[PDB]
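Written below as structure tokens is the structure these notes are about.
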Amino acid sequence: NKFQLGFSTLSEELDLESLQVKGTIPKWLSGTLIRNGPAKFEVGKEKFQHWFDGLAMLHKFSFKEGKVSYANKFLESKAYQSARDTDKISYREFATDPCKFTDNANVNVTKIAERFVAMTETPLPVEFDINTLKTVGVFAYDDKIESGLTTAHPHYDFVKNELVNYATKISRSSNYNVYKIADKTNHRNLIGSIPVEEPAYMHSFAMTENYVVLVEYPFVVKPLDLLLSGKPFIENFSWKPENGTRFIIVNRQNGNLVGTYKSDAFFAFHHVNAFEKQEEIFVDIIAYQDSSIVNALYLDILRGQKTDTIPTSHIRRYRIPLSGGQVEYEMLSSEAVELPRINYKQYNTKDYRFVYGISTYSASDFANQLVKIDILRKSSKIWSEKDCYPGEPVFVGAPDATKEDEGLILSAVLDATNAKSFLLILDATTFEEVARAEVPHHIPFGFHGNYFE
Ligand SMILES: [Cl-]
Ligand SMILES: [Fe+2]
Ligand code: NA
């Protein structure tokens, strides 16, 4: 196991004005890339069980006409602050309990009410200063919407300038609460509540021009088990393929229920993109056969010799006939893909051609390449390097771009032989390297980041 180091704690927090650049970073790139992920996998004697459980650390890559500055700090959440001060796991994580719920926002980052927030799947995000990476505190919403579980994968409507998400109220009468947030406010407007007996773990969802599509994988929890059973969060979820996958379509303007459509059981973390065509909706999902991937991302497996027990996922385009009939799918690529990203700003909710992600196909190593899938003419473009393990490829469109794949791809890459990470920058069109920035230490394998102008 050569990628061992990527699942090891990073104690060191620093703020360096310059990183050693090899190449040329386009002048027009003058924004900030914020990477989020786990960077502390134990608290003294107690070890975190799952990859998702590790305490949040933010990594900042700010650009100034060729130069690139770097800073990293642990998110000073109550989860972290309690661990640091008591040397005891204090809050309930995704798959680890101590001996109310966690603010360990280690999944993603966005802006809400023009404030930078780190997110996880618990109700309240954590506000941080993009300048200092200091933690402001818990970001309270100004509304009466109830929730126990939500996503760190909100959508953004650029036309209406709305953040769109859902939150599950987990009670003896549970609801999927689909909501929106207008710019310069922290008030959530309830679009619609879908009642549900046994809520499903939906890490993300699909948004089209008119609709929000909740794809309800049959990986479900009994609310009372979550409340009473003395077992970590994810251990209370059960795979029930008899139920099949339910596509719940909600009009994201008037909150009307368009319809529910069923397919054969499957699981997914990440949606890629969705769009409407004539009397049909197309939902592109990074799908697994079942929920076994969840139990594969425990650290003792990820750190272990047996790599080939981690299930692979593929881009499946599900076609929903609004007219009627069961939902069917086809594969857009034979390549194994995870952590998918697109030209989000321009082509989200719309018909598109290009997907970027990590490739997990195990041709030589596990998670050892970045891939660019061409949906139109099939085929793909690959990036890799000896004993290098790249992170989520973040697309950034070029100024006044006429094409979908005109811009840059930013990826945090772990060099195992060097025992240190570097920020890879690829031309989105050719998918070949233009520059890279050297980081003094290793950046643990994170989840999601975003580029802010
Ligand atoms: Cl229950
Ligand atoms: Fe995710
Ligand atoms: Na090979």
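Labels used: A, B, ... for chains in the order of the structure tokens, numbers from 1 for residues in each chain, and numbers from 1 for ligands as shown.
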List all protein, DNA and RNA residues that have at least one atom no more than 10 Å from any atom of ligand 3, counting only C-alpha atoms and all ligand atoms, and write them as a PyMOL selection string. chain A and resi 362-365
Using only C-alpha atoms, find each residue in range 243-289 of chain A having at least one atom no more than 9 Å away from range 207-214 of chain A; report its shortest atom-to-atom pair and that distance in Å (one decimal), rows by chain then rising number, as CSV.
residue,atom,partner,partner_atom,distance
A:246,CA,A:214,CA,8.0
A:247,CA,A:214,CA,5.9
A:248,CA,A:214,CA,5.1
A:249,CA,A:213,CA,4.6
A:250,CA,A:212,CA,5.3
A:251,CA,A:211,CA,4.5
A:252,CA,A:211,CA,5.1
A:253,CA,A:210,CA,7.0
A:255,CA,A:211,CA,9.0
A:258,CA,A:211,CA,8.3
A:273,CA,A:207,CA,7.6
A:274,CA,A:208,CA,5.7
A:275,CA,A:208,CA,5.0
A:276,CA,A:208,CA,6.6
A:281,CA,A:208,CA,8.2
A:283,CA,A:213,CA,8.4
Who sits within 6 Å of range 149-160 of chain A, only C-alpha atoms, same chain under 5 positions skipped, as a PyMOL selection string: chain A and resi 108+119-123+165+167-168+203-204
Quick one: pick out all strand (DSSP E or B) residues within range 62-297 of chain A from a backbone DSSP run and write them as a ChimeraX atom specification. /A:62-64,67-74,92,101,108-112,115-119,126-128,135-138,149-150,155-157,162-169,175-182,189-195,200,206-207,211-216,219-221,237-239,245-251,257-263,267-277,280-288
Measuring between only C-alpha atoms, which one of A:134, A:162, A:192, A:329 shows the shortest distance to residue 175 in chain A?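 Closest to residue 175 in chain A, using only C-alpha atoms: A:192.
You can rank A:105, A:83, A:190, A:224 by their closest distance to ligand 1 using only C-alpha atoms and all ligand atoms, and at the top of that list sits A:224.
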Please measure the separation of CA of residue 68 in chain A and CA of residue 439 in chain A, giving the value in Å to one decimal. 10.7 Å
Give one line per residue of chain A that approaches ligand 1 to at most 12 Å, naming the two atoms of the closest pair and their distance in Å to one decimal, counting only C-alpha atoms and all ligand atoms; sort by chain then ascending residue number and deliver it as CSV.
residue,atom,partner,partner_atom_place_in_ligand_line,distance
A:170,CA,ligand 1,1 (Cl),9.1
A:171,CA,ligand 1,1 (Cl),7.7
A:172,CA,ligand 1,1 (Cl),5.9
A:173,CA,ligand 1,1 (Cl),8.8
A:174,CA,ligand 1,1 (Cl),9.3
A:196,CA,ligand 1,1 (Cl),10.9
A:197,CA,ligand 1,1 (Cl),7.7
A:198,CA,ligand 1,1 (Cl),7.1
A:199,CA,ligand 1,1 (Cl),9.7
A:220,CA,ligand 1,1 (Cl),10.7
A:221,CA,ligand 1,1 (Cl),7.7
A:222,CA,ligand 1,1 (Cl),3.9
A:223,CA,ligand 1,1 (Cl),3.9
A:224,CA,ligand 1,1 (Cl),3.8
A:225,CA,ligand 1,1 (Cl),6.1
A:226,CA,ligand 1,1 (Cl),8.0
A:227,CA,ligand 1,1 (Cl),8.6
A:228,CA,ligand 1,1 (Cl),9.6
A:229,CA,ligand 1,1 (Cl),10.7
A:236,CA,ligand 1,1 (Cl),10.7
A:237,CA,ligand 1,1 (Cl),11.6
Output N, CA and C atoms for every residue in the selection just made, as a CSV table (one decimal), in the first residue's frame.
chain,number,residue,atom,x,y,z
A,170,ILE,N,-35.6,13.7,10.4
A,170,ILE,CA,-35.7,12.3,10.8
A,170,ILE,C,-36.4,12.2,12.1
A,171,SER,N,-37.7,11.8,12.0
A,171,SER,CA,-38.6,11.6,13.2
A,171,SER,C,-39.5,10.4,12.8
A,172,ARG,N,-40.5,10.1,13.6
A,172,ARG,CA,-41.5,9.0,13.4
A,172,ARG,C,-42.5,9.3,12.3
A,173,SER,N,-42.5,10.6,11.8
A,173,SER,CA,-43.0,11.0,10.5
A,173,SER,C,-42.0,11.9,9.7
A,174,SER,N,-41.0,11.2,9.2
A,174,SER,CA,-39.9,11.8,8.5
A,174,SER,C,-40.3,12.5,7.1
A,196,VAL,N,-41.8,10.2,4.0
A,196,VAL,CA,-41.0,9.0,3.8
A,196,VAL,C,-41.0,8.2,5.1
A,197,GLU,N,-41.2,6.9,5.1
A,197,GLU,CA,-41.2,6.0,6.3
A,197,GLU,C,-39.8,5.8,6.8
A,198,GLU,N,-38.9,5.4,5.9
A,198,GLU,CA,-37.5,5.0,6.1
A,198,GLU,C,-36.6,5.9,5.2
A,199,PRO,N,-36.1,7.0,5.7
A,199,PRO,CA,-35.3,7.9,4.9
A,199,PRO,C,-34.0,7.2,4.3
A,220,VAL,N,-31.5,2.6,3.4
A,220,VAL,CA,-32.5,3.3,4.2
A,220,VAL,C,-32.3,3.0,5.7
A,221,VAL,N,-32.8,3.9,6.6
A,221,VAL,CA,-32.7,3.8,8.1
A,221,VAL,C,-34.1,3.9,8.6
A,222,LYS,N,-34.4,3.1,9.7
A,222,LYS,CA,-35.5,3.3,10.6
A,222,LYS,C,-35.2,4.4,11.6
A,223,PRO,N,-36.0,5.5,11.5
A,223,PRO,CA,-35.7,6.7,12.4
A,223,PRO,C,-35.4,6.3,13.9
A,224,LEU,N,-36.2,5.4,14.4
A,224,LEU,CA,-36.0,5.0,15.9
A,224,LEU,C,-34.7,4.3,16.1
A,225,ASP,N,-34.2,3.5,15.1
A,225,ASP,CA,-32.9,2.9,15.2
A,225,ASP,C,-31.8,3.9,15.4
A,226,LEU,N,-31.8,5.0,14.6
A,226,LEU,CA,-30.9,6.1,14.6
A,226,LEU,C,-30.9,6.8,16.0
A,227,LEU,N,-32.1,7.0,16.6
A,227,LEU,CA,-32.3,7.7,17.9
A,227,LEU,C,-31.8,6.8,19.0
A,228,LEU,N,-32.2,5.5,19.0
A,228,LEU,CA,-32.1,4.6,20.3
A,228,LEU,C,-30.9,3.7,20.2
A,229,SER,N,-30.7,2.9,19.1
A,229,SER,CA,-29.7,1.9,18.9
A,229,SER,C,-28.3,2.5,19.1
A,236,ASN,N,-26.7,2.0,10.9
A,236,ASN,CA,-28.2,1.9,11.1
A,236,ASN,C,-28.9,1.9,9.8
A,237,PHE,N,-28.1,2.1,8.7
A,237,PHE,CA,-28.7,2.0,7.3
A,237,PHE,C,-28.6,0.6,6.7
Which is closest to ligand 2 among A:6, A:232, A:37, A:218, if we use only C-alpha atoms and all ligand atoms? A:37
